[PDB]
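Next comes just one chain, in structure tokens: the form deposited in one PDB entry.
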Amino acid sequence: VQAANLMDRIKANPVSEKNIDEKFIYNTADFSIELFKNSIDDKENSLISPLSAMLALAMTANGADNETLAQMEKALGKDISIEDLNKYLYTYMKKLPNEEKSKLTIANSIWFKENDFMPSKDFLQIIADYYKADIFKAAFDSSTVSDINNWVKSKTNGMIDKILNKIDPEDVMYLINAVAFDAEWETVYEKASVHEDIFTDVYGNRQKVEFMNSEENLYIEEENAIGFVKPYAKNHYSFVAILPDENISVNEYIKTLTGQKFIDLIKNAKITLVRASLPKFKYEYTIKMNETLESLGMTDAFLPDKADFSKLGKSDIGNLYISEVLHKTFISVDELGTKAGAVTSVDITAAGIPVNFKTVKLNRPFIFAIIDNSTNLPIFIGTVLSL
């Protein structure tokens, strides 16, 4: 590094835990889906982590005032206060599984420009107590570009190594999100179960790609879609695949979603055998989230001449505003889960004979999520349009 971590100075106080309850689950699903549908990519595969975004906004919300605050409150969900959000999010993150064979990395930080900026020590304390995120002051020159990049490389153990290419002068504040997932399937794919077949992309191109075949146990069935839920190891997380009906586009289908409809869609998956066919895919997605968040109500925060972040620190010869919310995610769906290398030692009697089974072939564009199994909340949410 070369930037200075403002948090080095600060010591966390003990805090009260607030139990996750139905209200927080409802608000977070609502936020996550609203964020998702106001950020759908038309031409390309997308991936976002709504949880990560919510963390970043909730912690920054502590530094907003007046109209900036009100808007951020409205965008997160008015009926839970920032105060309460801090407590809930602390408790949620504290208990969110992260272990071998099921590693989740959420890396959030705020970066401020050195010249003209004195941080609020109260703000920093809130970060230490509830969030434990890194907060930097930096030159905002060439070496801050590499600083930010090395940081995501460090925090995601090399699964994401760049986020930024340039800083424009007049930038004073970035929120950085990087999210990575390193996990095994609960039941990994046998090599015998991997076959070349045809993905029919959004453009009509028929792509020859490897499909992973397995019998799964949970069937999503809705008026306009079908799909399946596939757990990762130690059952903390699951991969959710939703395939919309042929007569309905991905974008149309997404627009029909609500936090409640998403939760319920999973809550109501029927216990039944599914012949699942899931193509391999891996890609990163980087989104400057300004436009999305603005679509969500959060407008003042991004304007040099109205942003009010006075509870986060003063600035003399300007006025603190968010230049970019830089959000980057990476997913890999493969034979072992997140990593390649299909299994060769097999029990010849393991294969049974299914009866009354359903079929999901991810033969064409679909959406997926990675959910925390205990709440059904999307940690990652995405779309596959082409391979």
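By rigid core we mean the largest C-alpha set that fits within 1.5 Å across both forms. Just count from 1 along the sequence shown to find any residue number.
Chemist: Please compare 215-223 with 84-92 and name the stretch with the higher mean C-alpha B-factor in the deposited structure.
Modeler: Looking at the record's C-alpha B-factors, the answer is 215-223.
Chemist: Check the entry's C-alpha temperature factors for 22-30 and 35-43, then say which stretch has the higher mean.
Modeler: The stretch with the larger mean CA B-factor is 35-43.
Chemist: Test of reading the entry: by CA B factor among the chain's modelled residues, which third contains residue 306?
Modeler: Tercile = highest for this residue's CA B-factor.
Chemist: Going by what the PDB entry lists, where does residue 63 fall on CA B-factor within its chain: lowest, middle or highest third?
Modeler: Ranked within chain, residue 63 CA B lands in the lowest tercile.
Chemist: What third of the chain, by the recorded C-alpha B-factor, contains residue 248?
Modeler: For residue 248, the deposited C-alpha B-factor lands in the highest third.
Chemist: Ranking the modelled residues of this chain by C-alpha B-factor as given in the entry, is residue 186 in the lowest, middle or highest third?
Modeler: It belongs to the lowest third of the chain when residues are ordered by C-alpha B-factor.
Chemist: Name the third of the chain's ranked CA B-factors that contains residue 54, choosing lowest, middle or highest.
Modeler: It belongs to the middle third of the chain when residues are ordered by C-alpha B-factor.
What comes next is about the form deposited in another entry, which is not displayed.
Chemist: Of 220, 128, 243, 175, which one's CA moves 2 Å or more between this form and the one not shown, core aligned?
Modeler: That would be 175.
Chemist: My question is whether residue 354 is one of the residues whose C-alpha shifts by 2 Å or more between this form and the one not shown, given a fit on the rigid core.
Modeler: Residue 354: C-alpha displaced by 2 Å or more between this form and the one not shown.
Chemist: So, does residue 87 move by 2 Å or more at the CA between this form and the one not shown, with the core held fixed?
Modeler: No, the C-alpha position differs by under 2 Å between this form and the one not shown.
Chemist: C-alpha of residue 139: shift of 2 angstroms or more between this form and the one not shown, rigid core aligned?
Modeler: Yes; residue 139 is a residue whose C-alpha shifts (by 2 Å or more) between this form and the one not shown when the cores are overlaid.
Chemist: Given that the CA-CA distance for residue 91 and residue 177 shifts by 3 Å or more in the other entry, does it become closer or farther?
Modeler: The answer is closer, because the C-alphas of residue 91 and residue 177 approach each other in the other entry by 3 Å or more.
Chemist: Could you tell me whether residue 342 and residue 369 have their C-alpha atoms closer or farther apart in the other entry than in the shown form, knowing the shift is 3 angstroms or more?
Modeler: Closer together, which means the C-alphas of residue 342 and residue 369 are at least 3 Å nearer in the other entry.
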